[PDB]
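I need the structure of the sequence given here:
(one chain, ligands or ions: 1)
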Amino acid sequence: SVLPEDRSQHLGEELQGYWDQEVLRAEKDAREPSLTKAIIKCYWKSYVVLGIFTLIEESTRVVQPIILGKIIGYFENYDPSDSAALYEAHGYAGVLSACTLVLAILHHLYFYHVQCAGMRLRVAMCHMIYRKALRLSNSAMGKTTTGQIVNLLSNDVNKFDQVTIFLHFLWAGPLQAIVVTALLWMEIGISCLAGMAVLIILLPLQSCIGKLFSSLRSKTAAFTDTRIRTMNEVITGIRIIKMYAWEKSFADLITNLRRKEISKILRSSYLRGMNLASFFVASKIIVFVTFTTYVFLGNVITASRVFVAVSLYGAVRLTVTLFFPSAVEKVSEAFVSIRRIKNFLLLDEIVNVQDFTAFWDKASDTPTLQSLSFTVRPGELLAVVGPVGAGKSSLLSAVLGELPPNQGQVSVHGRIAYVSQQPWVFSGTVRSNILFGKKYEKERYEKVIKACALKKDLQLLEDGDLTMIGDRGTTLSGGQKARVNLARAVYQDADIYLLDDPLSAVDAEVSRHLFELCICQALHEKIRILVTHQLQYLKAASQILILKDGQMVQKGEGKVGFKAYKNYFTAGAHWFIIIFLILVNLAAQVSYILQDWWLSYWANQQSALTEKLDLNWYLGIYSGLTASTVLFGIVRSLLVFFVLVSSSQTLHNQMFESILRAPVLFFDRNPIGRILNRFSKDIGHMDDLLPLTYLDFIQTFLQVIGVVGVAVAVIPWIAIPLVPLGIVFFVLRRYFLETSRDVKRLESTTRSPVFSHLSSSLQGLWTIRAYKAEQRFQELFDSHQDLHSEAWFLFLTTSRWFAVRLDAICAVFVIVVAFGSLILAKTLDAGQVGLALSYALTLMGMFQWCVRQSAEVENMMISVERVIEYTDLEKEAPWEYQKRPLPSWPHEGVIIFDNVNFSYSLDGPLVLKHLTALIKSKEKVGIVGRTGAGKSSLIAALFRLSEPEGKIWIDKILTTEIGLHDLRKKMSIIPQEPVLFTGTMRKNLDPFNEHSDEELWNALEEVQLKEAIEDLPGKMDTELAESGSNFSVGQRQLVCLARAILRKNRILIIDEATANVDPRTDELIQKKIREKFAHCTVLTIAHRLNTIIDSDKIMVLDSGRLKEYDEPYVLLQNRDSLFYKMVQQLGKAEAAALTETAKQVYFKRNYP
Ligand SMILES: CCCCC[C@H](O)/C=C/[C@H]1[C@H](O)CC(=O)[C@@H]1C/C=C/CCCC(=O)O
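Residues are numbered from 1 along each chain as shown. What follows is the structure:
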């Protein structure tokens, strides 16, 4: 496990101490505090000492070219007799080999420790972020959604890992440049400055690119976040989007977000491609200008000078034109993270109640609670009652102390428990979610479980109450998680219970069972302040408080094959472009090798010669080799991005069109998060990291092949050692790779519980903060953070274990080239050896990176496969057929079912059979029956959500013989759950612009909603809150009624919806629906039978068969009818009223 100096608690507490200290100094000054200053003051002392590695390592990198000059010098002055020289030359090859091993170790030590340093910063920052989140002020939480905080950990803090890697090169790079300039000066004189002048033009330009890249990346994130939030509501709402046929509107909305987003990605990618192209060509330019100026100044090319100089510039090429720019960009990216984090860190952060008045926000036109005056004492039940918005839940929040008085006073005695109306549940076992860290005891537990009506589900769960649960309770039903949430509070045996209408979360039988056995009986000794709409229970309450107008008013995977690679490339461009993509890659490297070979050839030719070389020839071909290198290096870089970004564009469009036409069965099988991960996570890789990692891999891979090719071209005998040395690499790689994918698997699975704990906590915050549970919930995060730290730690160490041994076989290659040249020295010339050795030394950093990036590519291809499979989903029958209805159709509104059979899957059971019925024009019909009898399947048949067997007719057209959008648009659905989609009210009422603004207000008047919209500052064009949060559920259902009122249609289907409205407004829309749709034929699924008893017929489903379909009075006068038995099951008063109503209405409807 992770040792104490890396453990979450210790490591986050340290930086927090410096943050609090910096706040105090800023407050003593005038200035705003700086989180960057706190980080430096925390970590500088341990980070600076790592600079010793870079100091010694870079000193070695400048010495190693000087040794190489003395080895090459043996071939220039060669004499086969003079053994004393031969022994000395063997001495330098030993020193050069020692340099190579020392340099390899120092490089691995430095890069190891800076990567630990970055890990610690991340771990400390996550601890700070989570510690803040518990304490956020209840009003200041309203301006930052849970997903925005979770994005801090997911995206923003993961930058700090990268920041620490390159910072030392901000000084070591420039200093090395100065030293390298001084070294070159002794070797090639003033011509040194020509190469440095290029270098000091590159430095600003590459730094500006890094700044401008960061700005584009920041401006892109807004579109990506908007696309993901929109795509989340598409995937979550997909049945409603289908039934309204609104697919065209979300296609347009996602299309244009993606079209904006992809344009910034392209530009961004070209910038980043230009940066990495610069690193490729930089030395080739620097060397070109240096030796071009050198020969115009009258100097002559000699092998020793060239390859020493080439090797020195190679040092500068890493530090100044790769590592220094990488620092600037990653520091730039750091500050955007620090800025967003700082803004979060600076966010705001017996019972008696008398004169109590309070504001949730002083900008409110009134206090949000006012003048409350009541008290309650042990043994009493207080019921809190009143309309919507009367402040009932605010009263509980006041007694809980989350809402302090602006006037009046509150006091409480004994232990407090609070139960929120929305259920909350976390991971662990469901019993653990009930115990909440208390000790288990059967004797209290069984009493709690039976009083909470919860026993049956804890038996039927697949491992009972020891079933493991998801971090937000997604593994439980609403009624289960509600009772689990209540059972937790009831287990606490508290003295004051604050109950925010948990009874509203469950069915009426369960509600009274909870009220009787728990609230009345088990809690009998205790103060209960129960908010509930269960006003029918009030006879049992000891006292009753009625609120109105805000005041008191009354009192009483794993592996991927070649097929995925071919598809990924070919999806982006025609194969002709891909062949050209390969060719420019080869040509880039060939020109790159040939430029260095040309210097070697020129050095050899100068050695053969008074007479002198024709500079127009040698300097001419030199200039063409360089220019071709530059041109292909640029084009190669850009074209990789063009193809791979175009591939992501094509695969997104194909995937999105598939998900739109995919049948609902696809979403019944795959949970929402698993689909959305393709769009957010997998396409995120394809847009960003994957194209860069391909270019990074391809560019290094070709250079490794270039080094080995150069060596075998000069010293063919190397092919003999290279066979064993190759075999060793294959065995080593084979052995590593399997453990490599084990730790990448382990790393992934250990990361996700961290983010899932933050989101779990943020939803539950009114619970965990109530029971004083902040300390325990910190240690839970520290545990998950610590377990992830092990897998990350193992990933780091295993990566270095591998890389160290790859550098051992690289060092054997260098040793073979260095001594092999001295053994074979009769046969090969100084410029050949200088070429071969110079190339061999470059291998040391390069080869281990090439082989590790290979695994990165392989690992990310799993994302590519996971999206390609979604391009191949089965499709619904098309939107419009070759046959199409006449525009007058439908016109009567006949529907017929004839021998209809339905199942949700072809291998699934039938859930409607032989269903055969007529629905006449302007007739009114209700659907009734048992739970699971098939009621929901009747909608699914008629909308063809799954294709029925048999015949369905609408106005004598078979619904199978017309397009889905012909059918779906000519019907109107009022769904049970409302949805308001993000956007304006105008879009939510009309996404296609076919109703006039006059008509839209006429609709908004007829639903009696206009005034509350005119109170909004932008009126109909105002942006609604996410999910409609600025409206209650009943208010949102008014907007669904408005859509149906606007869309003129003959046939209306009502999905049991109005019973979810508040009773004083359920009755209102029930009245409106009778008024407005008098001209329609009407279908209505309903539980609250009193809402349909008037209808001309009712349909009763027993189980998959339509057993009754008749006039409701004619049903009820059959006392043996299922419909009678159902109303008889409601209760005597209900059955009397219903039967009386049926008799009266049936008589009246027989009079005409
Ligand atoms: C972030 C760099 C992206 C581009 C890299 C480029 O394609 C290759 C650079 C090679 C170069 O040829 C020699 C060398 O040492 C580089 C690899 C080092 C990268 C830093 C992390 C090293 C380590 O962790 O061991």
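
In this structure, which residue sits nearest the ligand?
residue 845 (2.5 Å; C-beta to the nearest ligand atom). To be clear about C-beta, it is placed using only N, CA and C from the backbone, and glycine gets the same treatment.

The ligand contacts on the stretch 101-250 of the chain?
Taking C-beta under 6 Å from any ligand atom as the contact definition, the stretch 101-250 of the chain meets the ligand at residue 111.

returning to that earlier point: I'd say the residue of the chain closest to the ligand and residue 317 touch.
No. Judged on C-beta atoms under 8 Å, residue 845 makes no contact with residue 317 at a distance of 11.0 Å.

out of the two, which sits in the busier spot?
residue 317 (21 against 17; other C-beta atoms under 10 Å).

Find the helix or strand that that one is a member of.
helix 303-318 (DSSP states H and E).

Just the buried positions in that helix, please.
Neighbour-count burial for helix 303-318 flags 303-318 (criterion: 16 or more other C-beta atoms under 10 Å).

Following the chain onward from that helix, which element is next?
Next element after helix 303-318 (DSSP H and E): helix 324-345.

what's the angle from that next one to helix 303-318?
In terms of direction (axes from the mean of the first three to the mean of the last three C-alpha atoms, to 10 degrees), helix 324-345 departs from helix 303-318 by 10 degrees.

just checking, next helix/strand downstream of helix 324-345?
Assigned by DSSP H and E, the successor of helix 324-345 is strand 351-358.

Mind listing the strands that next one pairs with, and their directions?
strand 369-376 (antiparallel), strand 407-412 (antiparallel) (DSSP bridges).

Dump those into a markdown table; add distance to the ligand and mean neighbour count as well.
Formatted as a markdown table, those follow (distance: least, C-beta to the nearest ligand atom, whole Å; neighbours: other C-beta atoms under 10 Å):
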| stretch | distance to the ligand | mean neighbour count |
| --- | --- | --- |
| strand 369-376 | 57 | 19 |
| strand 407-412 | 58 | 14 |
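
Would you convert those strands into a markdown table that also reports distance to residue 1064?
Shown next, in a markdown table, are these (distance: least, C-beta to C-beta, whole Å):
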| stretch | distance to residue 1064 |
| --- | --- |
| strand 369-376 | 21 |
| strand 407-412 | 29 |
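
Tell me which of those strands sits nearest to residue 1071.
strand 369-376 (31.9 Å; C-beta to C-beta).

Name the helix or strand for the nearest residue to residue 247 once chain neighbours are set aside, please.
Spatial nearest neighbour of residue 247, excluding adjacent residues (C-beta to C-beta, 6 or more residues apart in numbering): residue 660 at 5.5 Å. For residue 660, the host element (DSSP H and E) is helix 615-661.

do the same with residue 897
Residue-wise, residue 897 maps onto strand 895-902 under DSSP H and E.

And for residue 290?
Following DSSP H and E, one finds residue 290 within helix 247-296.

same for that helix, what does it pack against?
Packing partners of helix 247-296 (3 or more C-beta pairs under 8 Å, 6 or more residues apart in numbering; DSSP states H and E): helix 192-236, helix 303-318, helix 575-608, helix 615-661, helix 689-714.

and the third one with helix 247-296, angle?
Pointing back at helix 575-608 there. Interaxial angle of helix 575-608 relative to helix 247-296 (the same axes, to 10 degrees): 10 degrees.

which parts of the stretch 601-750 of the chain sit against the ligand?
696, 699-700.

quick one: which of those residues is nearest to residue 934?
residue 696 (57.3 Å).

Neighbours of the closest one, how many?
17.

Hmm, it is touching residue 273, no?
No. With contact defined as C-beta under 8 Å, residue 696 does not reach residue 273; the gap is 10.8 Å.
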